[PDB]
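Only one structure is covered here, and it is reproduced in the block below.
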Amino acid sequence: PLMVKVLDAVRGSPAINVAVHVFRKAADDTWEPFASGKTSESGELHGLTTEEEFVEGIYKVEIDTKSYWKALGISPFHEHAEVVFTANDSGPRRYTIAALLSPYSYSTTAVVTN
Amino acid sequence: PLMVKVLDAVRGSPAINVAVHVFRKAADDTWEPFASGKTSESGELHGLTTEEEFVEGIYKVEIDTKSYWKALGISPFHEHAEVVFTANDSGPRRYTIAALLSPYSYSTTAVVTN
Amino acid sequence: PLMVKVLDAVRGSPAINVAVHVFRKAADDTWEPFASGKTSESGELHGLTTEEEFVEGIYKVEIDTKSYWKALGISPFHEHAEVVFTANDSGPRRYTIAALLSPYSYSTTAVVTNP
Amino acid sequence: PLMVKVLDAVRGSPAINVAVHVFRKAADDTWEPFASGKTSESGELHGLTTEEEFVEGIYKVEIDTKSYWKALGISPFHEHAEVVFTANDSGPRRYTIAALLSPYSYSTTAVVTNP
Ligand SMILES: Oc1c(Br)cc(CCc2c(Cl)cccc2Cl)cc1Br
Ligand SMILES: Oc1c(Br)cc(CCc2c(Cl)cccc2Cl)cc1Br
């Protein structure tokens, strides 16, 4: 139900071995860890959660872009990229969070399908 | 060797049934038709060409964004989106041209892999 | 030294009346309020801070995109757009944080200059 | 009535000295030269045309991104960034065409205002 895909706008490639952390907003407004992993050779991260676990709520996907750029020897602007959204059962069942990274910029979209 | 993928930033969905035309630049600097198709339910267009046909050269991928927006009842800015690039045998063998569409904006990247 | 500019990719316009909150990470690792404001008719937000006050640190610029889209009667995907960066770590710089908004997407870039 | 602004997503800066060519589609469907120029130190290009000359039509703004990246010693993917649009079809408007460049990617948006 929740996939992440990360691309590199400098190399023209998937962004490989990027750390990704997902958090769920708790009742006291703190961010509780929920799932995490590293993107694969295709820039994708699957298997974060399951339909049972992924209930409605506010989630934050933190992509560790700074470490990615540093591993390539490139000087970056951002500490990380953030994607904060509400999971909604009224819409389609599968969320893909896609991000496109540059040293001083990032873009993100949601692809929400059944 | 050449895939196109198109996403919709308004609906948060693949951009389905978008017409895509690929042209190759000819010796007299005109654009000759090369391949075309329409994106699938996943927003993807496969099977445009083959490794034998897809020789080095300058190619233009024209995505008919205006008709896409009009079919959804949305008033667009651009006539089409353009992606013009040189195919290079020194780099990886597979090109994916990805585009993310909004009514007054578009973004595109290349994902070039082996 | 810290300005924000926000554009609307649906309308082809500045994104007017967008709330922006800036935080700075404190020594205890919490996010301290730093400055806030709203974009103008030009999509710009000036006057958040001063060179004196804008010291080195890790800053988070939170752009309230959901509130923007909801005020236009649209149900968007994201809660906000966040831009988190270390500022002034090799002396003072001037930063422009630009964002381009759509209901299910946003993009951001920084323009950093040395006065 | 027609301005261009170009930013560099690698440097976090304006994209300076970027060549821009504007064409207009003619009655025979060819692309006629219309105006050209280069971005300044601020990444901006003003003075391309005049309200008199900028009549209704289909315009193509070609941003010479490959030449930019090559001048910086970088081998980029795209030949150029193209922005093709119908202008002034419900009377005069003022257009800003903005682009954000990376070696394998670009994004563009339009800001359209009614004077
Ligand atoms: O499989 C996919 C999926 Br799903 C999504 C994208 C979109 C990447 C993108 C972003 Cl994230 C922001 C601006 C422009 C772009 Cl082209 C690409 C591929 Br290939
Ligand atoms: O005055 C400005 C400033 Br300063 C910045 C931009 C960049 C807008 C943008 C973003 Cl933020 C992300 C992807 C693509 C784009 Cl064209 C435009 C203008 Br006009």
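We count from 1, first residue shown onward.
Cβ atoms here come from the backbone N, Cα and C positions, even for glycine.
Annotation comment: Swiss-Prot describes D:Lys5, D:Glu44, D:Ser107 as L-thyroxine binding site, evidence class experimental evidence. Residues annotated as N-linked glycosylation site in Swiss-Prot, with experimental evidence given as evidence: D:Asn88. What Swiss-Prot records for D:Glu32 is 4-carboxyglutamate, and it gives experimental evidence as the kind of evidence. The feature phosphoserine is assigned by Swiss-Prot to D:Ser42.
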Here the Cα-Cα span from the residue listed as 'N-linked glycosylation site' to D:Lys5 (L-thyroxine binding site), rounded to a whole number of angstrom, reaches 20
Filtered by Cβ distance under 6 Å to ligand 2, the recorded positions D:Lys5, D:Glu32, D:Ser42, D:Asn88, D:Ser107 reduce to D:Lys5, D:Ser107
Counting every protein chain shown, other Cβ atoms within 10 Å of the Cβ of the residue listed as '4-carboxyglutamate' number 13
Here the recorded positions are D:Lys5, D:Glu32, D:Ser107, and the Cα closest to that of D:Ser42 (phosphoserine) is found at D:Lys5
The largest Cα to Cα distance in Å among the residues D:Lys5, D:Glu44, D:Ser107, listed in the record as binding L-thyroxine, is 16
Expected list for recorded positions D:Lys5, D:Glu32, D:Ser42, D:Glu44, D:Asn88, D:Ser107 against chain C, Cβ threshold under 8 Å, sequence order, is D:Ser107
Listed recorded positions D:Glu32, D:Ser42, D:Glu44 screened against chain A; CB under 8 A survivors are none
Across all protein chains shown, the recorded positions D:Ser42, D:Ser107 give the max Cβ-within-10 Å count at D:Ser107
When the recorded positions D:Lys5, D:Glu32, D:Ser42, D:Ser107 are screened for a C-beta under 8 angstroms from chain B, what remains is D:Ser107
Using a 10 Å radius on the Cβ of D:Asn88 (N-linked glycosylation site), the other Cβ atoms enclosed count 17
By a three-class reduction of DSSP, D:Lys5 (L-thyroxine binding site) is assigned strand
